[PDB]
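As provided, start-v3.cif (mmCIF, C-alpha atoms and all ligand atoms) reads as follows.
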```cif
data_data
loop_
_atom_site.label_atom_id
_atom_site.label_comp_id
_atom_site.auth_asym_id
_atom_site.auth_seq_id
_atom_site.Cartn_x
_atom_site.Cartn_y
_atom_site.Cartn_z
CA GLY A 10 4.28 -34.80 5.30
CA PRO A 11 3.18 -31.37 4.05
CA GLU A 12 1.34 -29.44 6.77
CA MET A 13 -2.18 -28.53 5.67
CA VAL A 14 -4.15 -25.52 6.87
CA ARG A 15 -7.92 -25.37 6.43
CA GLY A 16 -7.66 -28.02 3.71
CA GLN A 17 -4.88 -26.08 1.90
CA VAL A 18 -1.39 -27.46 1.29
CA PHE A 19 1.42 -25.41 2.92
CA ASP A 20 4.52 -27.10 1.61
CA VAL A 21 7.04 -25.24 3.78
CA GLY A 22 8.56 -27.80 6.12
CA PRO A 23 10.77 -28.89 7.61
CA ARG A 24 12.18 -25.36 8.21
CA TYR A 25 8.79 -23.76 8.94
CA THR A 26 6.33 -25.52 11.27
CA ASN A 27 3.34 -24.96 13.57
CA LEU A 28 1.26 -23.07 11.05
CA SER A 29 -1.79 -21.05 12.16
CA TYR A 30 -4.27 -19.48 9.81
CA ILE A 31 -4.35 -15.66 9.71
CA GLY A 32 -6.43 -14.75 6.67
CA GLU A 33 -6.75 -15.05 2.95
CA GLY A 34 -7.24 -13.06 -0.18
CA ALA A 35 -8.18 -13.48 -3.81
CA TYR A 36 -5.29 -15.86 -4.64
CA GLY A 37 -3.56 -16.79 -1.43
CA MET A 38 -3.63 -17.60 2.26
CA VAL A 39 -1.50 -16.18 5.07
CA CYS A 40 -0.41 -18.20 8.14
CA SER A 41 1.86 -17.56 11.04
CA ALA A 42 4.58 -20.14 11.51
CA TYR A 43 7.78 -20.87 13.40
CA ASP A 44 11.19 -20.71 11.66
CA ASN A 45 13.08 -23.56 13.32
CA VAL A 46 16.39 -22.50 11.76
CA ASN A 47 16.48 -18.86 12.88
CA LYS A 48 14.19 -19.51 15.89
CA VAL A 49 11.74 -16.69 15.11
CA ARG A 50 8.01 -16.34 14.44
CA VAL A 51 7.17 -15.57 10.80
CA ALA A 52 4.24 -14.87 8.50
CA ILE A 53 4.01 -17.07 5.42
CA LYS A 54 1.97 -15.93 2.42
CA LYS A 55 0.99 -18.75 0.02
CA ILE A 56 0.39 -17.14 -3.41
CA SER A 57 -1.16 -18.98 -6.40
CA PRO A 58 -1.02 -16.37 -9.18
CA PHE A 59 0.00 -18.11 -12.33
CA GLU A 60 -3.37 -18.47 -14.05
CA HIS A 61 -3.80 -14.66 -14.20
CA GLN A 62 -1.57 -11.98 -15.69
CA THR A 63 -2.58 -9.33 -13.13
CA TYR A 64 -1.81 -11.64 -10.19
CA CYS A 65 1.60 -12.46 -11.62
CA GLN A 66 2.25 -8.74 -12.08
CA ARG A 67 1.55 -8.14 -8.40
CA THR A 68 3.75 -11.05 -7.38
CA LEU A 69 6.77 -10.01 -9.43
CA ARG A 70 6.53 -6.34 -8.36
CA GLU A 71 6.24 -7.23 -4.69
CA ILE A 72 9.26 -9.55 -4.84
CA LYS A 73 11.52 -7.20 -6.80
CA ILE A 74 10.74 -4.12 -4.70
CA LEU A 75 10.69 -5.64 -1.21
CA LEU A 76 14.01 -7.44 -1.78
CA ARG A 77 15.61 -4.09 -2.70
CA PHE A 78 14.08 -1.92 0.03
CA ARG A 79 15.46 -1.93 3.58
CA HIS A 80 13.60 0.28 6.06
CA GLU A 81 12.08 -0.08 9.54
CA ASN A 82 8.64 1.04 8.33
CA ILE A 83 8.50 -1.29 5.33
CA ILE A 84 7.98 -5.05 5.60
CA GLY A 85 10.88 -7.19 4.34
CA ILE A 86 11.02 -10.59 2.63
CA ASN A 87 13.00 -13.17 4.61
CA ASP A 88 12.66 -16.21 2.34
CA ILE A 89 10.77 -17.43 -0.73
CA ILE A 90 9.84 -21.09 -1.24
CA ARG A 91 8.87 -22.58 -4.58
CA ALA A 92 9.32 -25.78 -6.58
CA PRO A 93 12.68 -26.62 -8.17
CA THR A 94 11.31 -26.59 -11.75
CA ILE A 95 9.15 -24.01 -13.48
CA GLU A 96 6.64 -26.65 -14.58
CA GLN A 97 6.16 -27.82 -10.97
CA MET A 98 5.88 -24.30 -9.58
CA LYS A 99 2.21 -23.58 -8.93
CA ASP A 100 2.50 -21.70 -5.63
CA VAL A 101 5.05 -19.32 -4.20
CA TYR A 102 5.45 -18.87 -0.45
CA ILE A 103 6.73 -15.50 0.77
CA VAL A 104 8.13 -15.58 4.33
CA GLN A 105 8.08 -12.26 6.21
CA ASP A 106 8.45 -11.03 9.76
CA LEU A 107 5.28 -11.77 11.73
CA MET A 108 3.17 -8.74 12.67
CA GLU A 109 0.24 -8.80 15.06
CA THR A 110 -2.56 -7.08 13.11
CA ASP A 111 -3.22 -4.40 10.49
CA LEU A 112 -4.89 -1.02 10.72
CA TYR A 113 -8.04 -2.23 8.92
CA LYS A 114 -8.56 -4.92 11.60
CA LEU A 115 -7.62 -2.57 14.43
CA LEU A 116 -10.06 0.18 13.40
CA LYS A 117 -12.92 -2.32 13.52
CA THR A 118 -12.36 -3.01 17.23
CA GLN A 119 -10.97 0.23 18.61
CA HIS A 120 -11.20 3.98 18.42
CA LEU A 121 -7.76 5.58 18.29
CA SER A 122 -6.67 8.41 20.56
CA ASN A 123 -5.10 11.47 19.01
CA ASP A 124 -1.71 10.21 20.25
CA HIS A 125 -2.11 6.86 18.46
CA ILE A 126 -3.17 8.65 15.27
CA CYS A 127 -0.19 10.97 15.40
CA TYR A 128 2.38 8.17 15.86
CA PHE A 129 0.88 5.90 13.20
CA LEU A 130 0.74 8.81 10.75
CA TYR A 131 4.38 9.65 11.43
CA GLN A 132 5.52 6.07 10.69
CA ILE A 133 3.41 5.90 7.51
CA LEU A 134 5.07 9.10 6.29
CA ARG A 135 8.53 8.00 7.40
CA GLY A 136 8.17 4.80 5.41
CA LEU A 137 6.74 6.75 2.49
CA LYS A 138 9.64 9.22 2.42
CA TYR A 139 11.96 6.27 1.75
CA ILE A 140 9.68 4.82 -0.94
CA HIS A 141 9.43 8.14 -2.76
CA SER A 142 13.16 8.79 -2.31
CA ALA A 143 13.60 5.56 -4.33
CA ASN A 144 11.42 7.07 -7.11
CA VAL A 145 8.71 4.48 -6.37
CA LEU A 146 4.93 4.92 -6.15
CA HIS A 147 3.25 2.47 -3.78
CA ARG A 148 -0.19 3.11 -5.41
CA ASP A 149 -2.26 0.92 -3.01
CA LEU A 150 -1.87 2.46 0.41
CA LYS A 151 -4.86 1.66 2.62
CA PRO A 152 -5.45 0.45 6.18
CA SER A 153 -5.12 -3.26 5.41
CA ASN A 154 -1.66 -2.63 3.91
CA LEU A 155 -0.39 -1.12 7.19
CA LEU A 156 0.87 -3.84 9.55
CA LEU A 157 1.10 -3.24 13.34
CA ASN A 158 2.61 -4.99 16.41
CA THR A 159 2.19 -4.74 20.19
CA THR A 160 4.94 -2.10 20.36
CA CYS A 161 2.84 0.08 18.01
CA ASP A 162 5.44 -0.34 15.26
CA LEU A 163 3.93 0.12 11.81
CA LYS A 164 5.17 -1.37 8.54
CA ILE A 165 3.91 -0.71 5.00
CA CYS A 166 3.27 -3.87 2.98
CA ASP A 167 1.97 -5.14 -0.38
CA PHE A 168 3.80 -3.46 -3.18
CA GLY A 169 1.90 -5.41 -5.86
CA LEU A 170 0.74 -2.21 -7.64
CA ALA A 171 3.96 -0.26 -7.14
CA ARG A 172 5.81 1.32 -10.06
CA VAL A 173 8.45 3.93 -10.86
CA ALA A 174 7.37 7.56 -10.70
CA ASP A 175 7.07 9.06 -14.16
CA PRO A 176 5.08 12.23 -15.05
CA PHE A 183 -5.40 2.23 -18.92
CA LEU A 184 -3.33 -0.02 -16.61
CA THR A 185 -4.72 -3.55 -16.55
CA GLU A 186 -4.29 -4.49 -12.88
CA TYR A 187 -5.98 -6.17 -9.91
CA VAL A 188 -7.22 -3.60 -7.37
CA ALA A 189 -9.40 -4.58 -4.41
CA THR A 190 -10.85 -1.15 -3.53
CA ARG A 191 -10.76 2.37 -4.97
CA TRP A 192 -11.71 4.17 -1.74
CA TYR A 193 -8.14 5.48 -1.34
CA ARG A 194 -7.38 6.37 -4.99
CA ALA A 195 -6.38 9.94 -5.86
CA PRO A 196 -8.74 11.89 -8.18
CA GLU A 197 -6.09 12.22 -10.93
CA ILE A 198 -6.05 8.37 -11.09
CA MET A 199 -9.85 8.18 -11.12
CA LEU A 200 -9.80 10.83 -13.88
CA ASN A 201 -6.91 9.16 -15.83
CA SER A 202 -4.56 12.19 -15.86
CA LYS A 203 -0.76 11.75 -15.43
CA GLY A 204 -1.26 9.34 -12.53
CA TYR A 205 2.45 8.49 -12.04
CA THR A 206 3.09 11.30 -9.57
CA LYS A 207 4.14 10.81 -5.94
CA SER A 208 1.13 12.95 -5.01
CA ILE A 209 -1.18 9.96 -5.53
CA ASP A 210 0.33 8.28 -2.43
CA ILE A 211 -0.17 11.44 -0.33
CA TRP A 212 -3.86 11.41 -1.22
CA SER A 213 -4.13 7.81 0.05
CA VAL A 214 -2.38 8.78 3.28
CA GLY A 215 -4.88 11.61 3.72
CA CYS A 216 -7.74 9.14 3.32
CA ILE A 217 -6.11 6.90 5.94
CA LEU A 218 -5.73 9.83 8.33
CA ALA A 219 -9.39 10.75 7.87
CA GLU A 220 -10.38 7.15 8.64
CA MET A 221 -8.32 7.06 11.83
CA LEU A 222 -9.99 10.30 12.94
CA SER A 223 -13.51 8.96 12.61
CA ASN A 224 -13.16 5.15 12.31
CA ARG A 225 -15.05 5.36 8.99
CA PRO A 226 -13.67 5.55 5.43
CA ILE A 227 -14.04 9.10 4.13
CA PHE A 228 -14.83 8.31 0.44
CA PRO A 229 -16.52 4.84 0.41
CA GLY A 230 -17.72 4.80 -3.20
CA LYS A 231 -19.91 1.96 -4.42
CA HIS A 232 -18.68 2.14 -8.00
CA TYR A 233 -16.38 4.19 -10.19
CA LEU A 234 -18.69 7.17 -10.74
CA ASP A 235 -19.99 7.11 -7.16
CA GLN A 236 -16.37 7.22 -5.97
CA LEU A 237 -15.86 10.54 -7.78
CA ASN A 238 -19.15 11.84 -6.38
CA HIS A 239 -17.96 11.07 -2.82
CA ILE A 240 -14.78 13.12 -3.36
CA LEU A 241 -16.63 16.06 -4.95
CA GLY A 242 -19.35 15.96 -2.31
CA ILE A 243 -16.81 16.88 0.38
CA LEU A 244 -14.17 18.92 -1.50
CA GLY A 245 -16.86 20.65 -3.58
CA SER A 246 -16.83 21.26 -7.31
CA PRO A 247 -13.28 21.91 -8.60
CA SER A 248 -11.99 25.42 -9.19
CA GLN A 249 -10.90 26.71 -12.60
CA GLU A 250 -7.26 26.08 -11.71
CA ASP A 251 -8.35 22.61 -10.56
CA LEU A 252 -9.92 21.95 -13.96
CA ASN A 253 -6.80 23.18 -15.77
CA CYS A 254 -4.59 20.59 -14.06
CA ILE A 255 -6.71 17.76 -15.53
CA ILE A 256 -4.76 16.81 -18.66
CA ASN A 257 -7.52 14.50 -19.94
CA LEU A 258 -10.08 16.59 -21.83
CA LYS A 259 -12.67 13.79 -21.73
CA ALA A 260 -12.42 13.80 -17.92
CA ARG A 261 -12.64 17.61 -17.78
CA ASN A 262 -15.77 17.35 -19.95
CA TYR A 263 -17.25 14.78 -17.56
CA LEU A 264 -16.70 16.97 -14.49
CA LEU A 265 -18.29 19.94 -16.22
CA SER A 266 -21.56 18.04 -16.72
CA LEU A 267 -22.04 17.43 -12.96
CA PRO A 268 -24.14 19.64 -10.67
CA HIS A 269 -22.38 22.22 -8.56
CA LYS A 270 -21.37 20.94 -5.11
CA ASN A 271 -20.34 23.03 -2.12
CA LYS A 272 -17.26 22.25 -0.03
CA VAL A 273 -17.91 20.66 3.36
CA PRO A 274 -15.73 22.19 6.14
CA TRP A 275 -13.26 19.77 7.67
CA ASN A 276 -14.32 20.89 11.16
CA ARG A 277 -17.90 19.90 10.30
CA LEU A 278 -16.94 16.35 9.29
CA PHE A 279 -14.49 16.06 12.20
CA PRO A 280 -15.81 18.37 14.94
CA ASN A 281 -13.76 16.69 17.69
CA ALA A 282 -10.40 16.40 15.88
CA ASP A 283 -7.17 18.23 16.67
CA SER A 284 -7.05 21.34 14.44
CA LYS A 285 -3.43 20.58 13.45
CA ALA A 286 -4.44 17.16 12.16
CA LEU A 287 -7.18 18.85 10.12
CA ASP A 288 -4.74 21.39 8.65
CA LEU A 289 -2.53 18.48 7.54
CA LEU A 290 -5.53 16.51 6.26
CA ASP A 291 -6.63 19.51 4.22
CA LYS A 292 -3.18 19.69 2.61
CA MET A 293 -3.15 15.94 1.77
CA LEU A 294 -6.73 15.85 0.40
CA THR A 295 -6.13 18.65 -2.11
CA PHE A 296 -7.67 18.02 -5.54
CA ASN A 297 -4.87 19.64 -7.54
CA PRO A 298 -1.86 17.27 -7.22
CA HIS A 299 0.60 20.12 -7.84
CA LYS A 300 -0.79 21.89 -4.76
CA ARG A 301 -0.89 18.72 -2.64
CA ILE A 302 1.62 18.52 0.23
CA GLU A 303 4.77 16.44 -0.39
CA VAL A 304 6.00 13.73 1.96
CA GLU A 305 8.92 15.73 3.38
CA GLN A 306 6.71 18.77 3.94
CA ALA A 307 4.13 16.52 5.63
CA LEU A 308 6.73 15.14 8.03
CA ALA A 309 7.55 18.74 8.93
CA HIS A 310 3.94 19.73 9.70
CA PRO A 311 3.31 20.95 13.28
CA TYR A 312 0.94 18.01 13.83
CA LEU A 313 3.91 15.64 13.81
CA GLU A 314 6.30 17.93 15.66
CA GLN A 315 6.94 15.58 18.57
CA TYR A 316 8.27 12.84 16.23
CA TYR A 317 9.83 14.80 13.32
CA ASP A 318 13.56 14.05 13.13
CA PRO A 319 15.11 14.44 9.67
CA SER A 320 18.38 12.91 10.83
CA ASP A 321 16.43 9.70 11.63
CA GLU A 322 14.23 9.55 8.50
CA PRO A 323 16.57 7.79 6.07
CA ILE A 324 16.36 7.63 2.28
CA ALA A 325 17.23 5.08 -0.39
CA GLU A 326 20.82 4.98 -1.64
CA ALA A 327 19.62 5.30 -5.24
CA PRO A 328 16.44 5.15 -7.34
CA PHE A 329 14.79 1.79 -7.93
CA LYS A 330 14.58 0.58 -11.56
CA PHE A 331 12.80 -2.44 -13.01
CA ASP A 332 15.51 -3.43 -15.53
CA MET A 333 12.57 -4.37 -17.80
CA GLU A 334 9.02 -3.25 -18.68
CA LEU A 335 6.46 -5.53 -17.00
CA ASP A 336 3.12 -3.84 -17.76
CA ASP A 337 1.91 -5.88 -20.73
CA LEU A 338 3.97 -9.05 -20.53
CA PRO A 339 2.06 -12.34 -20.88
CA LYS A 340 1.58 -14.40 -17.73
CA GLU A 341 3.90 -17.16 -19.00
CA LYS A 342 6.72 -14.61 -19.32
CA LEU A 343 5.92 -13.21 -15.87
CA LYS A 344 6.13 -16.74 -14.44
CA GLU A 345 9.63 -17.15 -15.95
CA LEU A 346 10.62 -13.81 -14.38
CA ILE A 347 9.22 -14.88 -10.99
CA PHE A 348 11.17 -18.14 -11.27
CA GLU A 349 14.37 -16.26 -12.02
CA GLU A 350 13.80 -13.69 -9.23
CA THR A 351 13.28 -16.45 -6.62
CA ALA A 352 16.23 -18.60 -7.70
CA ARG A 353 18.51 -16.92 -5.13
CA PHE A 354 16.57 -18.67 -2.34
CA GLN A 355 17.24 -22.12 -3.87
CA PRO A 356 20.04 -24.40 -2.75
CA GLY A 357 22.59 -24.26 -5.57
CA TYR A 358 21.74 -20.89 -7.15
CA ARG A 359 24.22 -19.98 -9.94
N1 LIG B 1 3.69 -10.13 7.88
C1 LIG B 1 2.43 -10.35 8.28
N2 LIG B 1 2.21 -10.61 9.59
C2 LIG B 1 0.95 -10.83 10.00
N3 LIG B 1 -0.18 -10.79 9.30
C3 LIG B 1 0.06 -10.53 8.01
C4 LIG B 1 1.30 -10.29 7.43
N4 LIG B 1 1.16 -10.05 6.07
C5 LIG B 1 -0.13 -10.13 5.86
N5 LIG B 1 -0.85 -10.42 6.99
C6 LIG B 1 -2.30 -10.61 7.15
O1 LIG B 1 -2.73 -11.65 6.30
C7 LIG B 1 -4.09 -11.39 5.85
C8 LIG B 1 -4.12 -11.48 4.35
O2 LIG B 1 -3.65 -10.27 3.73
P1 LIG B 1 -3.42 -10.17 2.15
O3 LIG B 1 -4.17 -11.31 1.55
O4 LIG B 1 -1.94 -10.17 1.76
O5 LIG B 1 -4.00 -8.74 1.71
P2 LIG B 1 -3.24 -7.35 1.85
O6 LIG B 1 -2.12 -7.32 0.86
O7 LIG B 1 -2.62 -7.13 3.28
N6 LIG B 1 -4.34 -6.12 1.50
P3 LIG B 1 -5.88 -6.72 1.02
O8 LIG B 1 -5.84 -7.03 -0.54
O9 LIG B 1 -7.00 -5.64 1.27
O10 LIG B 1 -6.27 -7.92 1.86
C9 LIG B 1 -4.50 -10.05 6.47
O11 LIG B 1 -5.30 -10.35 7.61
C10 LIG B 1 -3.15 -9.39 6.82
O12 LIG B 1 -3.23 -8.52 7.94
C1 LIG B 2 -1.19 3.22 22.60
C2 LIG B 2 -1.43 1.85 23.27
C3 LIG B 2 -2.41 0.98 22.49
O1 LIG B 2 -3.15 0.18 23.00
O2 LIG B 2 -2.28 1.19 21.18
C4 LIG B 2 -2.81 0.24 20.17
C5 LIG B 2 -4.31 0.14 20.32
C6 LIG B 2 -2.14 -1.09 20.41
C7 LIG B 2 -2.43 0.84 18.84
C8 LIG B 2 -1.85 1.96 24.74
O3 LIG B 2 -2.58 1.16 25.29
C9 LIG B 2 -1.27 3.15 25.48
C10 LIG B 2 -1.43 4.48 24.72
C11 LIG B 2 -0.48 4.22 23.53
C12 LIG B 2 -0.10 5.48 22.77
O4 LIG B 2 -0.67 6.53 22.90
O5 LIG B 2 0.91 5.28 21.93
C13 LIG B 2 1.28 6.39 21.07
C14 LIG B 2 0.78 3.63 24.22
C15 LIG B 2 0.23 2.90 25.43
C16 LIG B 2 0.93 2.17 26.28
#
```

For the structure just supplied, provide its representation as structure tokens.
Amino acid sequence: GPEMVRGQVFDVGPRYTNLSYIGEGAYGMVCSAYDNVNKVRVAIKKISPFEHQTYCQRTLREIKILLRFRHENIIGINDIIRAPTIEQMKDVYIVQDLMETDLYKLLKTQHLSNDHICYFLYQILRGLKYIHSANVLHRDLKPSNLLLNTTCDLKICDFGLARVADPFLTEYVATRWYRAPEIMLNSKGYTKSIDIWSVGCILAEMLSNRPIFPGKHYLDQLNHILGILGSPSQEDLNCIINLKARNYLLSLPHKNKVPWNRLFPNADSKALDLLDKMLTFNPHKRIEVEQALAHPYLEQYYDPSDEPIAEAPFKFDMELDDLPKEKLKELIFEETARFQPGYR
């Protein structure tokens, strides 16, 4: 019989058993389980995306990217379970290595020492160097997408919003607190710099255990950023390619910059120097991932020879942005066929 968890069907036996609830999101539920074949503990994500185009988009992107990436600081996909016909397929189960918690959950129970902050930040950036080396933008970095274990290993997860870097997207996004200003302003938002901004927001949150820019709505989000960075400079304005957005910024009152050492009076000055370089409004002036790894704050961990890169750029082999959900379901079926007995 199909194991049920909190009233929900988890049709994953007989290979995967002893399921325990972990959490849930907008269209799924995550459980730990035991893989009786490989004799290891796993996480199993039940996803039910097919009634919504944006949920299918996230599912297909996550599957395609995570099956191609291979890196210690990025979560893998071990297995994918789904029905043997497309008409029967209503759920997809993604099996991944089991991690113990995520940074969102950790920060609610614990303040982090400077040494924990430094090591987590290093692993985030080490994972991100590989992503960017593959010409990929993660686009949804945030504490809940950083998985942790008892050994303090960190893995980036959830590539549902990821896309190829390439200097109006219909998509499902849970929070904008970590989104770079050029995205909020709709100006050439397919730059690797948008991920560095998110990492800066994560670093700020580790330093204080509070999100730095917790906007209540779209406009309030921009006001949070400007209220700390201050009104943009002339050169800042000139890097906004969207004249409507430039016009909007010009109508706002002048705001003074808040010193980093005022917001974070008890933080290591090297962390604040790095933070300042990640939370730079102009994306062309924002620090790049390799330069961030090389910053004196991370000097005890920096090791280029042990910070590997992708063998080649990732490519989608097809444009997925505006496909109908029925097409996306066919693509998800085809992408998961390799995990079926009898594939090709
Ligand atoms: N491999 C894993 N091991 C352990 N827990 C996991 C794993 N993957 C996800 N989780 C947890 O499962 C729960 C559901 O997460 P999920 O619904 O996928 O959202 P998310 O992609 O991590 N980001 P968010 O949209 O803010 O919740 C969270 O409590 C995660 O920490
Ligand atoms: C961190 C570690 C610890 O509890 O870290 C979390 C909360 C699990 C992330 C701990 O108890 C000490 C200090 C240490 C650390 O500074 O790692 C960089 C390692 C430990 C054994």

Next on the checklist: Can you pull out the residues contacting residue 245 of chain A? Cut-off 12 Å, using all atoms listed in the file, and skip same-chain residues under 5 positions away; I want them as a list in words.
Outcome noted: residues 237, 238, 239, 240, 251, 264, 267, 268, 269, 270, 271, 272, 273, 274, 275, 294, 295 and 296 of chain A

Nearby residues (all atoms listed in the file) at most 7 Å from residue 59 of chain A, same-chain spacing under 6 positions excluded, as a CSV table (one decimal) with C-alpha atoms, keeping the file's coordinate frame:
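This went into part.csv:
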```csv
chain,number,residue,atom,x,y,z
A,65,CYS,CA,1.6,-12.5,-11.6
A,99,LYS,CA,2.2,-23.6,-8.9
A,340,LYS,CA,1.6,-14.4,-17.7
A,344,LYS,CA,6.1,-16.7,-14.4
```

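With only C-alpha atoms as the atoms that count, the residue of A:128, A:331, A:139, A:78 with the shortest distance to residue 221 of chain A is A:128.
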
Next on the checklist: Give me, as an MDAnalysis selection string, the set of residues whose atoms come within 7 Å of any atom of ligand LIG 1 (chain B), counting all atoms listed in the file.
Outcome noted: chainID A and resid 31:34 37:39 41 52 54 105:111 153:154 156 166:167 189

Item to check | Within 10 Å of ligand LIG 2 (chain B) (only C-alpha atoms and all ligand atoms), residues as a PyMOL selection string | outcome: chain A and resi 109-112+115-116+118-129+157-163

Item to check | Straight-line distance linking atom CA of residue 72 of chain A with atom CA of residue 303 of chain A, stated in Å to one decimal | outcome: 26.7 Å

To box segment 62-72 of chain A, take all atoms listed in the file, fit an axis-aligned box, add 8 Å on each side, and give centre and edge lengths in Å to one decimal, as JSON.
```
{"center_x": 3.3, "center_y": -9.4, "center_z": -10.2, "size_x": 27.8, "size_y": 22.1, "size_z": 27.0}
```

Checklist entry - Which of these residues is nearest to residue 80 of chain A, using all atoms listed in the file: A:190, A:248, A:63, A:132? => result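 Of all the options, A:132 lies closest to residue 80 of chain A.
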
Next on the checklist: Report, in Å to a single decimal, how far apart atom CA of residue 174 of chain A and atom CA of residue 241 of chain A are.
Outcome noted: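 About the pair atom CA of residue 241 of chain A and atom CA of residue 174 of chain A: they are 26.1 Å apart.
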
Checklist entry - Residues at most 9 Å from residue 288 of chain A, counting only C-alpha atoms, excluding those fewer than 3 positions away in the same chain, as a VMD selection string? => result chain A and resid 275 283 to 285 291 to 293 310 312

Checklist outcome for this item: In Å and to one decimal, atom CA of residue 216 of chain A is distant from atom CA of residue 313 of chain A by 17.0 Å

Next on the checklist: Residues near residue 304 of chain A, anyone? I mean within 8 Å using all atoms listed in the file, not counting same-chain ones fewer than 4 positions away, as a ChimeraX atom specification.
Outcome noted: /A:134,137-138,211,308

Write a file of the just-selected residues containing C-alpha atoms, as a tab-separated table (two decimals), in the coordinates of the input.
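Saved the output as again.tsv:
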```
chain	number	residue	atom	x	y	z
A	134	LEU	CA	5.07	9.10	6.29
A	137	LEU	CA	6.74	6.75	2.49
A	138	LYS	CA	9.64	9.22	2.42
A	211	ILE	CA	-0.17	11.44	-0.33
A	308	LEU	CA	6.73	15.14	8.03
```

Next on the checklist: From (18.4, -19.3, -6.1), in the file's coordinates, out to 12 Å: which residues are reached, counting all atoms listed in the file? Answer as a ChimeraX atom specification.
Outcome noted: /A:88-94,347-359

Using all atoms listed in the file and a cutoff of 7 Å, can you tell me which residues are near (-6.2, -7.8, -14.5) in the file's coordinates, and write them out as a PDB file with C-alpha atoms, in the coordinates of the input?
```pdb
ATOM      1  CA  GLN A  62      -1.570 -11.980 -15.690  1.00  0.00           C
ATOM      2  CA  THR A  63      -2.580  -9.330 -13.130  1.00  0.00           C
ATOM      3  CA  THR A 185      -4.720  -3.550 -16.550  1.00  0.00           C
ATOM      4  CA  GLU A 186      -4.290  -4.490 -12.880  1.00  0.00           C
ATOM      5  CA  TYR A 187      -5.980  -6.170  -9.910  1.00  0.00           C
TER       6      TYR A 187
END
```

Please reconstruct the missing atoms of segment 317-332 of chain A (target: N, CA and C atoms) and return them as a PDB file, in the frame of the given file.
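Saved to result.pdb:
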```pdb
ATOM      1  N   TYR A 317       9.008  14.397  14.461  1.00  0.00           N
ATOM      2  CA  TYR A 317       9.830  14.800  13.320  1.00  0.00           C
ATOM      3  C   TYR A 317      11.302  14.820  13.689  1.00  0.00           C
ATOM      4  N   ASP A 318      12.113  14.123  12.899  1.00  0.00           N
ATOM      5  CA  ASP A 318      13.560  14.050  13.130  1.00  0.00           C
ATOM      6  C   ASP A 318      14.204  13.701  11.806  1.00  0.00           C
ATOM      7  N   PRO A 319      14.506  14.713  10.978  1.00  0.00           N
ATOM      8  CA  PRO A 319      15.110  14.440   9.670  1.00  0.00           C
ATOM      9  C   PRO A 319      16.334  13.546   9.745  1.00  0.00           C
ATOM     10  N   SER A 320      17.183  13.743  10.747  1.00  0.00           N
ATOM     11  CA  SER A 320      18.380  12.910  10.830  1.00  0.00           C
ATOM     12  C   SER A 320      18.066  11.440  11.057  1.00  0.00           C
ATOM     13  N   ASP A 321      16.810  11.081  11.344  1.00  0.00           N
ATOM     14  CA  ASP A 321      16.430   9.700  11.630  1.00  0.00           C
ATOM     15  C   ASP A 321      15.297   9.253  10.709  1.00  0.00           C
ATOM     16  N   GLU A 322      15.237   9.846   9.520  1.00  0.00           N
ATOM     17  CA  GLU A 322      14.230   9.550   8.500  1.00  0.00           C
ATOM     18  C   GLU A 322      15.018   9.268   7.227  1.00  0.00           C
ATOM     19  N   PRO A 323      15.560   8.060   7.101  1.00  0.00           N
ATOM     20  CA  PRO A 323      16.570   7.790   6.070  1.00  0.00           C
ATOM     21  C   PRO A 323      15.924   7.618   4.697  1.00  0.00           C
ATOM     22  N   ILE A 324      16.779   7.685   3.676  1.00  0.00           N
ATOM     23  CA  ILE A 324      16.360   7.630   2.280  1.00  0.00           C
ATOM     24  C   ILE A 324      17.091   6.494   1.581  1.00  0.00           C
ATOM     25  N   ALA A 325      16.612   6.150   0.384  1.00  0.00           N
ATOM     26  CA  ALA A 325      17.230   5.080  -0.390  1.00  0.00           C
ATOM     27  C   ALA A 325      18.563   5.549  -0.970  1.00  0.00           C
ATOM     28  N   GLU A 326      19.506   4.608  -1.125  1.00  0.00           N
ATOM     29  CA  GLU A 326      20.820   4.980  -1.640  1.00  0.00           C
ATOM     30  C   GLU A 326      20.751   5.418  -3.094  1.00  0.00           C
ATOM     31  N   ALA A 327      19.773   4.920  -3.840  1.00  0.00           N
ATOM     32  CA  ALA A 327      19.620   5.300  -5.240  1.00  0.00           C
ATOM     33  C   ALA A 327      18.220   4.921  -5.696  1.00  0.00           C
ATOM     34  N   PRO A 328      17.766   5.489  -6.810  1.00  0.00           N
ATOM     35  CA  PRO A 328      16.440   5.150  -7.340  1.00  0.00           C
ATOM     36  C   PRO A 328      16.294   3.675  -7.697  1.00  0.00           C
ATOM     37  N   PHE A 329      15.090   3.149  -7.498  1.00  0.00           N
ATOM     38  CA  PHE A 329      14.790   1.790  -7.930  1.00  0.00           C
ATOM     39  C   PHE A 329      14.479   1.804  -9.427  1.00  0.00           C
ATOM     40  N   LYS A 330      14.892   0.750 -10.141  1.00  0.00           N
ATOM     41  CA  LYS A 330      14.580   0.580 -11.560  1.00  0.00           C
ATOM     42  C   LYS A 330      14.205  -0.872 -11.817  1.00  0.00           C
ATOM     43  N   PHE A 331      13.304  -1.088 -12.777  1.00  0.00           N
ATOM     44  CA  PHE A 331      12.800  -2.440 -13.010  1.00  0.00           C
ATOM     45  C   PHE A 331      13.732  -3.295 -13.857  1.00  0.00           C
ATOM     46  N   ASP A 332      14.654  -2.695 -14.597  1.00  0.00           N
ATOM     47  CA  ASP A 332      15.510  -3.430 -15.530  1.00  0.00           C
ATOM     48  C   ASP A 332      14.717  -4.060 -16.661  1.00  0.00           C
TER      49      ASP A 332
END
```
